[PDB]
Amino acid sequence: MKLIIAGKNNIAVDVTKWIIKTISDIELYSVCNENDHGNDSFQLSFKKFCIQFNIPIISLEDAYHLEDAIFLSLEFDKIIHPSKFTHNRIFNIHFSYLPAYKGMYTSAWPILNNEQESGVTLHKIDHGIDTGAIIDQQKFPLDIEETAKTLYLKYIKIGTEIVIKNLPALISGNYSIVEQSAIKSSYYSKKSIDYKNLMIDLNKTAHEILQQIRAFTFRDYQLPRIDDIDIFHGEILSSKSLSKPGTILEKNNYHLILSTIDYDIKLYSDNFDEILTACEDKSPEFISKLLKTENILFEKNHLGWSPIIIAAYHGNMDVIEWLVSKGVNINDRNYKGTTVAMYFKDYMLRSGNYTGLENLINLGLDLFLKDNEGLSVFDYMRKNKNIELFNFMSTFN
């Protein structure tokens, strides 16, 4: 029969990849979001992917006319009315644990509201906003320093997994539904947060200001900015100024210290740029003193360069190792899927210093991954006729 995937980002791409891999006799169609103009970013363009993989792209209007189909929305942008289809085989993933957090900005509102957990829900599409009956859902805790970005990436991951787990049952029709409860049902509109005039209310407690700071931390979109300083995390102090909330107690290149309703807060200026630059050639000790939060070690720039990617490209071995010891993925990738091993290969080639590879292989470096173009490090070295290096790399298990 036919399966129409309507949506965006790594959820739509990874679900579709799984279907291609796993489900043979299934005719795939794509419906893409209006603002998907084919550019990969922190998330892949589903439009680009579909064009490359010969998945036909159709309009939402075309989708209404397809009979013997199942329709699955994955972060789709247009309202879907069940009355416009011949069938009821119309499914959505919504990034919350429904019935809570229907609607918008689900990576922010749970954090703003100091929730202990969130989740992802697979449900039927009905006429209204995230209102249809629940087919499956999974919960997870929010971390103490969860940000909207870290939360969104959880969503992408769990939602991909829920879709894969349930898809055979969606296809067969062998699934159960439960109507959403009215109790603890909640919704937020597009008007609920104005991302283009974002204000942190400083006439609040230390905890409430830091929850806001974190709920608004999503580098690709923005960082919170206070007193003309971009902020990347902070901490609650033990001191309690008598000054009114919002008073700036201290401002320098490193941080802002503010008085609040209760405890003073220290808000760390963003120094990610300086952290990436340090990873070229500075020691772990140097970097450990530059950073004000270890969360900065996991950040990525617009290309997806992380600290480890910089350290690998530059052959900064002590930094690579130290990053791995702080829980950084030795097989990290940029936004094109290009891996640590590929960046390190370039350093090997440029430098002629092949001595560090074994160390990294022993830390779990994977030479066999492929980038978004489907090429491994081996494919590149072959294409470029770098046979000595290809052969040296090939000796490792």
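Counting begins at 1, following the sequence as shown.
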*Higher average CA B factor in the deposited record is what I'm after, so tell me if that's 335-343 or 358-366.*
358-366
*Can you tell me which stretch has the higher mean Cα B-factor, 147-155 or 310-318?*
310-318
_Residue of maximum C-alpha B factor among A100, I226, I236, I296, per deposited coordinates_ = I226
*asked:* Just to confirm, going by the entry's C-alpha B-factors, which of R219, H207, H123, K326 comes out highest?
replied: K326
*Would the CA B-factor of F53 place it in the lowest, middle or highest third of its chain?*
highest
*Which third of the chain holds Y29 when residues are ordered by C-alpha B factor: lowest, middle or highest?*
middle
*Lowest, middle or highest third: where is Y188 by Cα B-factor in its chain?*
lowest
*asked:* Ranking the modelled residues of this chain by C-alpha B-factor as given in the entry, is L74 in the lowest, middle or highest third?
replied: lowest
*Select lowest, middle or highest to describe the third in which the CA B-factor of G246 falls within its chain in this entry.*
middle
